[PDB]
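*Asks:* This one's experimental. Sequence and coordinates below.
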Amino acid sequence: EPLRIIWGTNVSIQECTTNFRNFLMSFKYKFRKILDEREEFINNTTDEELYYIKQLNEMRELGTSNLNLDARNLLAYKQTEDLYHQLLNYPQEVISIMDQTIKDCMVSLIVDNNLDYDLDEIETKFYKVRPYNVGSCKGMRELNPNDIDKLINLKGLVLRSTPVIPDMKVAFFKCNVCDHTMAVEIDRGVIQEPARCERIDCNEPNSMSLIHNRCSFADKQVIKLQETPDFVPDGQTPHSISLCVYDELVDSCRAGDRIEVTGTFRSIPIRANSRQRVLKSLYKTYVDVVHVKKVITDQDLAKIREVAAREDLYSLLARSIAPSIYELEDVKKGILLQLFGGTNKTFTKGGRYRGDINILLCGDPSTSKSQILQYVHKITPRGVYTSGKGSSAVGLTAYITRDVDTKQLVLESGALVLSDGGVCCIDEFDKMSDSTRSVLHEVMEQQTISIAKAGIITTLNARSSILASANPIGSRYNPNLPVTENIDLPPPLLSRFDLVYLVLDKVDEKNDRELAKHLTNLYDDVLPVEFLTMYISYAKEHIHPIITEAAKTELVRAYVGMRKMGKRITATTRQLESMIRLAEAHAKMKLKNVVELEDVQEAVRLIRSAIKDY
Amino acid sequence: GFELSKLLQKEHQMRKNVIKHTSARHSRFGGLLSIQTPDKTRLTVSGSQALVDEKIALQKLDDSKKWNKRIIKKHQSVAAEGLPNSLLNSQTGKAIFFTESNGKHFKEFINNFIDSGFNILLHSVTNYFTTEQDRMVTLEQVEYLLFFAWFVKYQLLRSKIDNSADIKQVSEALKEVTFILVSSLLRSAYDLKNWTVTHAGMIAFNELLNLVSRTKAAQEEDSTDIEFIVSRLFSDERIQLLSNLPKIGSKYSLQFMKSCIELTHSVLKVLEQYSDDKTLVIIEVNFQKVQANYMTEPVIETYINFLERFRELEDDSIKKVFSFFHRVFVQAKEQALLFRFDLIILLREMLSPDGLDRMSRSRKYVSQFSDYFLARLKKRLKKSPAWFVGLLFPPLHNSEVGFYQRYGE
Amino acid sequence: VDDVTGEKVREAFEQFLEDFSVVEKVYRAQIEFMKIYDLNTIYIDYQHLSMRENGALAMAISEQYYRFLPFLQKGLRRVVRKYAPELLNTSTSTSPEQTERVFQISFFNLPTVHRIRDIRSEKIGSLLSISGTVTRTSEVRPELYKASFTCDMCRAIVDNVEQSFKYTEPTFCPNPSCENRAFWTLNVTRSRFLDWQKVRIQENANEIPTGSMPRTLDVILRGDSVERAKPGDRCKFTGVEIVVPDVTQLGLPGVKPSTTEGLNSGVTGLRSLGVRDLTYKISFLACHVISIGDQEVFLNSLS
Amino acid sequence: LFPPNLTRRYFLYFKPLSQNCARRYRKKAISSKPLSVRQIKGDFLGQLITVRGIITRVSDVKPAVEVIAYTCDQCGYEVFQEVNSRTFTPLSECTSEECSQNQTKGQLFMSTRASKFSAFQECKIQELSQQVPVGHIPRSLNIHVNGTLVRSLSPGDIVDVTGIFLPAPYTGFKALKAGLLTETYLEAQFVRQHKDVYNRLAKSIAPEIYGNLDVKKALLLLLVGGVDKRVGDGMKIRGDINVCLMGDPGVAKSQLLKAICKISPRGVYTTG
DNA sequence: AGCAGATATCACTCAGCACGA
DNA sequence: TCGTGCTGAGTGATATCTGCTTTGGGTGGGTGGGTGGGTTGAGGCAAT
Ligand SMILES: Nc1ncnc2c1ncn2[C@@H]1O[C@H](COP(=O)(O)OP(=O)(O)OP(=O)(O)O)[C@@H](O)[C@H]1O
Ligand SMILES: Nc1ncnc2c1ncn2[C@@H]1O[C@H](COP(=O)(O)OP(=O)(O)OP(=O)(O)O)[C@@H](O)[C@H]1O
Ligand SMILES: [Mg+2]
Ligand SMILES: [Mg+2]
Ligand SMILES: [Zn+2]
Ligand SMILES: [Zn+2]
Ligand SMILES: [Zn+2]
């Protein structure tokens, strides 16, 4: 009988197919547990139930096709140890056999179970297998020629990924004489164009045309991978390897992401020049990836509501924001209110009123100010870290650049644009370019960035809050001089921040002693950072407070009283919009849809304390 | 929309059958297969389907071959003879896509003409042409024959669809003047080796035989005068001619083949029906003698050739071909004729999943015939091992052994 | 051999354009409007298409737009002929040059809008909509559409030579006597050209994954859709995803042929490509553009 | 039936003649005598010589093809090809006896599974400062590493590379256009790699300078840099005891810098 | 040296006739 | 109507000769382009 054998070996394809089918049909995780010397963790329900049968059933239910296989499970089964070794040694043929067997079992399940599921849909699908955990991960520097055409594991950091490349699968040809069409498959990238028309009646030789847009294509993408920092032996430039991903694996990993990839180590000849079949002696190595790994519910809503119902929610959130910062309750409260933010109003006849809150953190350099910004970044769902006059940062304004990679013109958005809807923390506000200051003024005034350079006229949304930090001109902030002189910023730009905080490191025996105790000990419940971020996201997404009559009366009375204090002008209309925003944010914090007198009272107090510093 | 949905479903089934030949992974995956022959020699093939299947492996082995045997086709430009494009050379299935209103108008015009003056026009044309036969050029012969055939067939179809409008409007075809004119035209075209006029006369004669069959179906007593016509038209020379047509058909275009097939079918139909109904005198007609006349290697060859092009034919052509095959294999018991390899290869192609749609009556005919043919072939092979060799080659013509080969006794 | 399925699509399309109503006829009136103002483009709402014919016609056009587009134009011309016979011909003395009109079919109101990062090879030849920010716009150029050539030897004329992505010439003289095969000269007087523009777009900043380079795509505009997108705008294009070959490889008159570290290997085996390989590029052919972001004359405009 | 190199599972290298052994037997050891890049002339081509210098560049390990295995789709036979050049032309047509006899035209397809590959690495060796003449620029010589010697050379190490000095002829149109001028490289064969506590340490930091005990102690504290940085609350106190020296010209600031940088294993010296 | 176009000399298919069966 | 040559010119086909051009670098140019590469150094200009 014809007997099919993998080229260069003595392994029968029929044996591999039957072994894999038996393994898939009958396998339980208890075998893996006993293999891993974890037999005493075996339960009675999950470990005694078929695993891959359930996986196939769930795949059919969800309509997916790809199957994730743990190579160790093959060792966990007596029959498939040889199959595991063959997969490690001859991956291409074994993988093709596994795909066909997976399709066969998928159809056989429906055939045997006489289910009502449509069979034609199944027959027209393509099935694949994605093995992983095939042994210890090697290094990019340990790949010798002996590893060619063998399955390897490699950990690294993604550096770049080319756009989707169309890869040809089936070629479509048309007859120029009889309008007859035929599809010819492609093998090793070689199109098998007919010599002549296949029609008996029309035997016209050499009259076949390839219709490019009517052919079948596939997705391909090339990714550059760099070895992990620990793999560098001395500290030289880390090496890199090229990866290829097809179909579903495309767009499965972005730049800067640490991933683990399983694939086949392959070598391909490189043509000397474009005119000729001549090849270079040296071969190029790459990896044909087959598997990639990266290294709100009802219960969540119930937990959020329970937390909101707590009486001391404000203090709890303030403490959770900055556990490591000592005795800055007011600053933490202001930061919390900024994080929650006010209500964005989209007015017909009026225009746009911003609901963001801006806070300036100025004072002595000894006190902790950058750590607060880092915490705010860690908490805010959206935001970017930047320092004025900083080359490392991407930038505060949109700019037109050249894509070195592609030699293409690309419009890149700045830090403020990327922070749309979030909090943008600027570490060093004091030192900043004039241009950057003008951009900041425009963003805080119009909330949009406009660029009219390089033949492009566009406006980018920048609806983001700002939390900047500043330092005095000298080694300390002089109380005698006014804040404007000390901070060294234009009065206009300094008058746009809703809350201005002057954290000063006055020399006090008690305060110094307590700070020393806190710092040395570093060598009231607190919420996890993840839960706080989720709470902030939910509050900002769902709750929208509205002002009531009592709130209106309280706001009017408070503004009138503040104005009557001072001729010197104690407060301006900006001090009213700031109070409105702060009250709305506080109402947001309590998950309330109505602003009440308590929120207005809290707002007047936070605004007044900053004014008193001013 | 309904027809579009049906066609889309048909294309979906075709694509589904095509899918089994495509690899899930990309082309450059690089799977290599080694296949072992009955002797210990290994052949190499590439592709996932090769590893997972054997029939695909052999198909790829075949397909990969570079050498092609030359095929020479005898093509005649219609413009050379001055004729226009017509049913003779138009590809089978070429459909004129009318609009609903235009189709209604054309049908009404044709119906009115057939009910008003087709009889008189045919009579006048036949008189004028039989008076001036020799001066005919090829164009006039083809024109007259095609017009007659088309209108007779259209009236037959409309009579089938509608019980009102009936054969009496085209009854002038039956009259002997037109019949003898057509017979003389066809016979002369045959004799002089003018194949286009031959084709036109073939079509006209097929329509005339279908018409006469319908008239006999109408009324027997009124069809005694048409039994006269049947006796006249089945003259021994005519029998011979009609039999010869198929034997030569294999040489010429597809359309020639199809017309041959259809005329053969009609001839056998009328012969059998009129032998069963009553006795026939031209010289008495021996239906078995005619049948036997029809049983030779060229006929079969012709049939095979025609059936090879089954992806363009309808179900009616396949039905007629396999009716003929049934006559051959069962009624005539001339099975040695069909114990060939062209038929086996073609039948594998027909019954393969990629060949013919499963939901089709043509596949039902093919499957039944294949079952019977395989059973009889297995019995013969069990009897005579020599037939394994025999299959490969044309029949022997040896007095000694010929009988043995043909009939096994 | 005829395309039976394509003809039925044309038959269904003719009914949709001639009988659809919402109660005055929608597209019959529109065809009349183009007749008065002598307009080329005809706009069809995709939402309307899905209603008629149970949705079979809409689904067929969606998957296979490149295949069925020529048949849609055949159906449109037939309906135009019946109700606007003078519309087929393009718009003191007798004008000798009046060629047939080049109708353009524009679709819009697709149920889904895709991102540039969501474009895959499975949708090549399908009708879909994308959104992006215009970065660069090329100038308007004439594109060869239906070329006409004259025989060098016998002065014979060959007309209606459809052009692929590359320059194309005849191979066989229509003159029985003439032996000329590979000696032709283009005739610009009888040729037909179309407006052509190249638009470069990139995905919107909000859609961009944080800390990632914007993705870029090439959009080609033809006919009346030219110069409808300006750099910096945010536009929504509706059209067909296509694949663009390397025309260089294929062989061009007078042109010598000739990210990924050499792993982008093209397809080979073609006769044209004797020892070379063919690479492919994803592009977009747009048929509809929407940019998301004296007293007597004025009085007439107002209702 | 197959090339001998196909089945070879070993690599051969030549160890130069040691000077001591040569002097014992009254012979001159040309191979083991160190030479500079300049001293390697055209008359040394094809000989076993040693080069002394500093490696400035090492490339990644790549597979170099030596024997290529093909397959016949029709025949079922395997063909082999030997590569001894920069470039090679792949086979296209079957040459088997069966194919020839039967007249069957079978295409040859490359098979990387059965091919033979050897690890390849290209390195650059540059002249040492003391070897360059007066008013001359240093020169570099290419090195080719094959087999198990790969990864034996790294940038910045002074080595005594022993190899066979050979030319690298061009191929095709380049060969014709170049002329008689030839490139050269070295086939690596052997690589020889060249090599009260507080007060005492402070004084031994920089003996050549005049006693500055406090500065030396500060330098020790910077060098050791002991710290426990495990806060785990989001940040961690910096674990580096940074030191800044500022003074008028005349103090040995450069000497402290150079000495403390030399002692440190990761010390890096830079100039603003 | 390799590749693409071309010339020209190499066979093979259907064509058909004489003898006899 | 089978078998066996003899004739035969037509319709191929495939085994067989005749002319580019290339690498990359100004010992092919700037009426082939600068988004197919080269490319670090000096120089002039505007915004700063
Ligand atoms: N209330 C506090 N709680 C804890 N640590 C504090 C507090 N105030 C100051 N510190 C300490 O002060 C130091 C300030 O470091 P940080 O990075 O915040 O400085 P900075 O504000 O950016 O300084 P500069 O203006 O000099 O750049 C940190 O070590 C922090 O531990
Ligand atoms: N204590 C010292 N004992 C001996 N030589 C010393 C001492 N201090 C400085 N020198 C000498 O001073 C010379 C110049 O000073 P050196 O370069 O060491 O440092 P520096 O004056 O701080 O440098 P710079 O001029 O670059 O600011 C050196 O050659 C060094 O020999
Ligand atoms: Mg700071
Ligand atoms: Mg110094
Ligand atoms: Zn054809
Ligand atoms: Zn001509
Ligand atoms: Zn071979």
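*Replies:* Here it is on my side, so go on. Numbering: from 1, shown residues only, chains lettered A, B, ... in the order given. Ligands and ions are numbered 1, 2, ... in the order given.
*Asks:* What residues does the residue of the stretch 201-303 of chain C found nearest ligand 1 make contact with?
*Replies:* Ranked by CB to the nearest ligand atom, the top residue of the stretch 201-303 of chain C for proximity to ligand 1 is residue C:211, at 23.9 Å. Just so you know, the C-beta spots here come from the backbone N, C-alpha and C atoms, and that holds for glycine as well. Applying CB atoms under 8 Å, 6 or more residues apart in numbering or on different chains to residue C:211 gives the contacts A:255-256.
*Asks:* which residues touch whichever residue of the stretch 1-150 of chain D sits closest to ligand 5?
*Replies:* Ligand 5 sits closest to residue D:105 of the stretch 1-150 of chain D, with a gap of 24.9 Å, by CB to the ion. Residues near residue D:105 by CB under 8 Å, 6+ apart: B:66-67, D:74, D:93-94, D:99.
*Asks:* Make a ChimeraX selection of the buried ones in those residues.
*Replies:* Buried subset of those, written as a ChimeraX selection, criterion 16 or more other CB atoms under 10 Å in any protein chain shown:
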select /D:74,94,99
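*Asks:* so residue A:614 makes contact with residue A:487?
*Replies:* No. Taking contacts as CB atoms under 8 Å, residue A:614 lies outside contact range of residue A:487: 11.1 Å.
*Asks:* Who has more neighbours out of the two?
*Replies:* residue A:487 (22 against 13; other CB atoms under 10 Å in any protein chain shown).
*Asks:* Near residue C:208, how many other residues are there?
*Replies:* Per other CB under 10 Å, the neighbour tally for residue C:208 reads 19.
*Asks:* Pretty sure it sits against residue C:214.
*Replies:* Yes. If you go by CB under 8 Å, residue C:208 and residue C:214 touch, sitting 5.8 Å apart.
*Asks:* before we move on, which element is residue A:583 in?
*Replies:* helix A:574-589 (DSSP states H and E).
*Asks:* roughly how far is the following helix or strand past that helix from the heart of the chain?
*Replies:* Using DSSP H and E, the next helix or strand after helix A:574-589 towards the C-terminus is strand A:594-595. Distance of strand A:594-595 from its chain centroid, counting by CA atoms, centre = their mean, to the nearest Å, is 35 Å.
*Asks:* Quick one: list the elements packing against the strand or helix carrying residue A:86.
*Replies:* Element membership for residue A:86 (DSSP H and E) is helix A:81-89. The helices and strands touching helix A:81-89, judged by 3 or more CB pairs under 8 Å, 6 or more residues apart in numbering or on different chains; DSSP states H and E, are helix A:13-25, helix A:71-76, helix A:91-113.
*Asks:* contact partners of the second one?
*Replies:* It stands for helix A:71-76. The contact list for helix A:71-76 (CB under 8 Å, 6+ apart) reads A:23, A:27, A:31-32, A:34-36, A:51, A:80-81, A:83-84, A:87-88, A:131-135.
*Asks:* before we move on, back to that, give me the contacts around the helix holding residue A:86.
*Replies:* Counting by CB under 8 Å, 6+ apart, A:11, A:16, A:19-20, A:23, A:71, A:74-75, A:94-95, A:131, A:134-135, A:150-151 sit against helix A:81-89.
*Asks:* Taking these, tell me the two that lie furthest apart.
*Replies:* Farthest pair in the contacts of helix A:81-89 (CB to CB) is A:23 and A:150. Separation: 21.7 Å.
*Asks:* quick one, which of these two is more surrounded?
*Replies:* residue A:23 (21 against 15).
*Asks:* Check the gap between that one and chain C for me.
*Replies:* To chain C, residue A:23 is 32 Å away according to CB to the nearest CB, to the nearest Å.
*Asks:* if we can go back for a sec, surely the residue of the stretch 1-150 of chain D closest to ligand 5 is within a helix?
*Replies:* No. Read with DSSP: H, G, I helix; E, B strand; the rest coil, residue D:105 is coil and lies in no helix.
*Asks:* re earlier: just the buried residues of the helix holding residue A:86, please?
*Replies:* By neighbour count with 16+ other CB under 10 Å, helix A:81-89 contains the buried residues A:83-84, A:86-88.
*Asks:* Then stretch B:55-71?
*Replies:* For stretch B:55-71, by 16+ other CB under 10 Å, it's B:56-57, B:60-61.
*Asks:* touching chain D at all, that stretch?
*Replies:* Yes. Stretch B:55-71 reaches chain D (CB under 8 Å from any CB of the partner chain) through B:64-67.
*Asks:* from the chain's centre, how far out does that stretch sit?
*Replies:* So, by CA atoms, centre = their mean, the centroid of stretch B:55-71 is 29 Å from its chain's centroid.
*Asks:* From the rest of the structure, what touches that stretch?
*Replies:* Residues outside stretch B:55-71 that contact it (CB under 8 Å, 6+ apart): A:2, A:4, A:192, A:195-196, A:203, B:21, B:33, B:35, B:43, B:45-47, B:49-50, D:73-74, D:104-105.
*Asks:* 7 Å - rerun?
*Replies:* When contacts are defined by CB atoms under 7 Å, 6 or more residues apart in numbering or on different chains, stretch B:55-71 is touched by residues A:195, A:203, B:33, B:35, B:43, B:45, B:47, B:49-50, D:73-74, D:105.
*Asks:* What are the boundaries of the helices in the stretch 101-250 of chain B?
*Replies:* B:118-131, B:138-161, B:176-192, B:195-218, B:224-233, B:236-249 (DSSP state H, counting those that start in this stretch).
*Asks:* out of the ones you listed, deepest packed?
*Replies:* Mean neighbour count (mean count of other CB atoms under 10 Å in any protein chain shown) peaks for helix B:195-218 among the helices of the stretch 101-250 of chain B, with a mean of 22.
*Asks:* name the helices or strands packed onto that one?
*Replies:* On a contact count with 3 or more CB pairs under 7 Å, 6 or more residues apart in numbering or on different chains; DSSP states H and E, helix B:195-218 meets helix B:138-161, helix B:176-192, helix B:224-233, helix B:254-277.
*Asks:* Would you agree residue A:39 is in contact with residue A:32?
*Replies:* No. Applying CB atoms under 7 Å as the test, residue A:39 and residue A:32 come out as separate, 10.3 Å apart.
*Asks:* possible to save the helices and strands packed on helix B:195-218 as TSV with distance to residue A:237?
*Replies:* TSV is the format used below for the helices and strands packed on helix B:195-218 (distance: least, CB to CB, whole Å):
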stretch	distance to residue A:237
helix B:138-161	85
helix B:176-192	89
helix B:224-233	98
helix B:254-277	71
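*Asks:* Out of the ones you listed, which gets nearest to DNA strand F?
*Replies:* Relative to DNA strand F, the nearest member of the helices and strands packed on helix B:195-218 by CB to the nearest atom of the strand is helix B:176-192, separated by 13.6 Å.
*Asks:* Can I get that closest one as CSV, trimmed to CA atoms?
*Replies:* Extracted C-alpha coordinates of helix B:176-192, given in CSV (Å, rounded to 0.1, in the frame of the first residue of the first chain):
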residue,chain,number,x,y,z
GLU,B,176,-43.9,15.1,-47.5
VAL,B,177,-42.6,17.9,-49.7
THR,B,178,-40.7,19.6,-46.8
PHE,B,179,-39.6,16.3,-45.4
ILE,B,180,-38.1,15.1,-48.7
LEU,B,181,-36.5,18.5,-49.2
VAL,B,182,-34.8,18.3,-45.8
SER,B,183,-33.8,14.7,-46.4
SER,B,184,-32.3,15.4,-49.8
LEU,B,185,-30.4,18.5,-48.4
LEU,B,186,-29.0,16.4,-45.5
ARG,B,187,-28.0,13.5,-47.7
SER,B,188,-26.3,15.7,-50.3
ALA,B,189,-24.5,17.6,-47.6
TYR,B,190,-23.2,14.3,-46.2
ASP,B,191,-22.2,13.0,-49.5
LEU,B,192,-20.3,16.1,-50.6
